Structure formats: structure tokens, C-alpha cells
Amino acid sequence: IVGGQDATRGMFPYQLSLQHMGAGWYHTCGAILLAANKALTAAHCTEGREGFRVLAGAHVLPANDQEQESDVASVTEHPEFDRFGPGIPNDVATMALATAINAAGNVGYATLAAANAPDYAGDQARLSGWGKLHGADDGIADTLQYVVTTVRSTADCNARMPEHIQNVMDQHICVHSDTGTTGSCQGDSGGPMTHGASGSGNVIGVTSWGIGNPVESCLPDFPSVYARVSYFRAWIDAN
């Protein structure tokens, strides 16, 4: 998260750390807790890989301070996900959890946007995650971050993109500040966009992509693009 600040523990009860087994476990993406044995993330976070765990109720990743955890037993990526397609289409996946994660302590389940939700253009929303604090940094964040930003319409999103990368679609929900100073970054992918500037809010997006250059991987000068939960809600529910 670029341009944000430390969250407090429990501020995003459904925020997960999605961990991949390399040499040992490492944070690769965010994820979103939906139910005791179900979670939601970006398809690109799991596609082509195997060996995952989610941490629930965590705050400072190097402290190993999670409250609950479960192995991921199975993953369903959207069948029309295309890692290399314009706009990274259909960048959503559900995950089945081996062990139940209970709504307790600082852990809780997200309320997803309804399929008939409005598009929220102009609304304040929050991005959260352990992604890099700046696109040039070599490491991800130690402490969970969040930032308040503004949802834009599809047309507005594309107007804010590079001229040859006008690939934002209605299946996306994009945020951008008018100062060009906040956004998501590597390590935030698969996490939640929470509606509203404060308090409890529905989860309306899943972190997916943004724009970089050779010295800064996630430019707040350009929007951050999420998979739109209302567009994918029926599919998420069916999978």
C-alpha cells in the first residue's frame, strides 16, 4: 500500500495473508475470508502454483502474530482467467480451507457486494494489505497498511491510464486519487477493497493490477485496478 498508514489489529477482520511454500512459507498475496472454510483471492496469485496457507488475524507479519491459520485444500480459478490478456480478465479465485477459521477475536467474515450493487463511482473506499510501501522498495510491509481513496468509473479509469493501456473494463473496479499519491502495490494483490472511509464496510473489489516503470513497480500516478466483486459475485457464490 502506497501513501497509506498502519492499520490497527482487527480493522479488517477478513484480511488474510496468502502464503506460498518456497524454501519456507512467505507472503505472496492478500486474500479475503468469506466463511469458515472459504476464502477469495486473485486468480493470478494461485494459477500455475501449488502449496498455500492463509493467516487470519495477523498484523505484523515478521512477528508471526496470526490468530488462526489454515492450509488451502483446493483452488478454483475463474475459467476465463487470462494472465496475459488485456486488462488481466477474470482475475478471481476461490480457495477451500482445510481447517475452519472461526469468526472470533480479530477475525471475521467479509460481506461481499451484491450482484446488483451500484458501481460506486466517486465513493470513498479503503485498500489494505502488506504490499510494498513504495514501488521502488525491495521488500513488502511489516505491518498491515491501509489507505482511503476514491472509486472511479470505467471511463474515468481509462482516461487516467496510459493511452495504449486503456484496458479497464466493467468487470473491474478502479481507484485513483486526484493528487496521484495513493494506491496498491506488489504484495497487495488478492486483498480487499473495503467500501467507505471508516467503520465496517462491504468488500467491493479484489486487488489485481496497476502501472509501473523500471524504477517504481506500482505508480500512484495511475489507477489501481481491482476485480469488481458485484460483477463476480454470482460466480464466487457458485464456486
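Numbering starts at 1 and follows the sequence shown.
*Asks:* For the C-alpha atoms alone, is the average B factor greater in 11 to 19 or in 221 to 229, going by the entry?
*Replies:* Looking at the record's C-alpha B-factors, the answer is 11 to 19.
*Asks:* Would you tell me which stretch averages the higher CA B-factor in the PDB entry, 205 to 213 or 62 to 70?
*Replies:* Higher of the two, by average CA B-factor, is 62 to 70.
*Asks:* Out of 136, 141, 104, 151, which residue has the highest Cα temperature factor in the PDB record?
*Replies:* Reading the PDB entry, the winner on C-alpha B-factor is 104.
*Asks:* So among 79, 87, 131, 162, who wins on Cα B-factor in the entry?
*Replies:* So the option with the highest C-alpha B-factor is 162.
*Asks:* Quick check on the deposited entry: does the C-alpha B-factor of residue 47 sit in the lowest, middle or highest third of its chain?
*Replies:* Tercile = middle for this residue's CA B-factor.
*Asks:* Considering every modelled residue of the chain and its Cα B-factor in the PDB entry, is residue 184 in the lowest, middle or highest third?
*Replies:* According to the entry, residue 184 has a C-alpha B-factor in the chain's lowest third.
*Asks:* Among the modelled residues of this chain, does the Cα B factor of residue 92 put it in the lowest, middle or highest third?
*Replies:* Answer is middle: the recorded C-alpha B-factor places it there.
*Asks:* Sort the modelled residues of this chain by their C-alpha B factor and say whether residue 113 lands in the lowest, middle or highest third.
*Replies:* Middle third, going by the recorded CA B-factors of the chain.
*Asks:* Report the third (lowest, middle or highest) to which the CA temperature factor of residue 194 belongs, ranking only the modelled residues of the same chain.
*Replies:* Within its chain, residue 194 is a lowest-third residue by C-alpha B-factor, going by the deposited values.
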